[PDB]
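Given next, in structure tokens, is a single chain: the form deposited in one PDB entry.
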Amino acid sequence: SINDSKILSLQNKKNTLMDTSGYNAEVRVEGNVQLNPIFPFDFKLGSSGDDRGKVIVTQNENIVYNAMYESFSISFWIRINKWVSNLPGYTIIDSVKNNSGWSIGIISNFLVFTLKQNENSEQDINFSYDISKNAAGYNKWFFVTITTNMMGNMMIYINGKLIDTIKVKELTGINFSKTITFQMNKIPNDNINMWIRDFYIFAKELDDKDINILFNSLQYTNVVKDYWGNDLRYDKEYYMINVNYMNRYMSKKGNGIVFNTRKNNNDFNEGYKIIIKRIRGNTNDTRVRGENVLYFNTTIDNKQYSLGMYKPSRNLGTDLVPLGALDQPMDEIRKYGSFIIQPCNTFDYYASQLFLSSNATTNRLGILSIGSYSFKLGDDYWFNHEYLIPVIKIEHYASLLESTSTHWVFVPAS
């Protein structure tokens, strides 16, 4: 068991932040700190005002270091909202006293872990997110794991994946602080939020295997997630986007759903939104789960449509049926507009695949994909036009299973 070396476990428990490691650290909460009453029972901090949130963790000075020798690991879930690539410097989790200990900060697109021996000697390691893949900010939940061996390496992991490895050379030992401070403090030289859950410290150096077991065990992998990593829900407006076409939003021409190039990457708030509706599932609690049967509603010009197949003006390709927006009764939705969802998460995104349902059952008929095709929609008459459309590949779609063009994301409209 890896829990044997766990010396701190900061968790929200019955609307109270506490250490559940058995080592009974003092947890003091000040200012504007919000606790989530539902999963993942996170706590929320801001950079706003003089009365911003502050969580002080004071560890028992003795008992926690009996098992520690040369190595320690820090793990936690974190989400930062409007993590812009030009973000000013912030210290977010501080554990430095008298120029000794460790600190976690954010600057630009970097999450930086600093290890301080004294005022003259320190080393840092970092994760820098891919700006091109996150033009609207890195605003999703991610899992951080930092391992340190004083006679070996500092290592940083994001979502179970090893990001960087730096040899500890300068430092020859650390006098750790009693205190860990969760607070958003601007470095002395627009407003940001931070969510944390399950902050753990281990008295050993966790390996790749341990980190992944940990990473997965803190998740409900059967629950589909939205773009930011929160639980995907029914009866909620989302912007539906294809992973391969992030600069595209949803529009309508005639029967067809068409994809247009978005204005900018300030946010995702452009074009029409979908609402996910449940038909079938094992649990009934508003959350979208793997193997659920569902359909999609959308409001366009004071009318509500459902997504469904339609016959295109001319053939698009073998086994290809276009998906459009139709004003149809439930019988037609079940026959031609029902989908089976299956989550597929990667390091880069929280996404899902959608399979065409056979009469609103869990039997599969095709996979929902995307492509550009030349045909006629709306009032097109004289000429065929190229349209980027959602398309279902029916019967034969084995080579599309591993294709990212079948990965769909949902950004909350809010």
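Superpose the two forms; the largest set of C-alphas matching within 1.5 Å is the rigid core. In case it trips you up, residue 1 is the first one in the sequence shown, and so on.
Just so you know, the form deposited in another entry exists too; it's not on screen, but the next bit is about it.
Core-based superposition between this form and the one not shown shows that, of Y65, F375, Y349, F41, only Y65 has its Cα displaced by 2 Å or more. Core-superposed comparison between this form and the one not shown: the C-alpha position of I107 differs by less than 2 Å. After superposition on the rigid core, displacement of the C-alpha of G317 between this form and the one not shown stays below 2 Å.
Comparing the forms between this form and the one not shown, the C-alpha position of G173 differs by 2 angstroms or more, with the core used for superposition.
In the other form, the CA atoms of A67 and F72 sit closer together than in the displayed form, by at least 3 angstroms. If you compare C-alpha positions, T165 and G173 are 3 angstroms or more farther apart in the other form than in the form on display.
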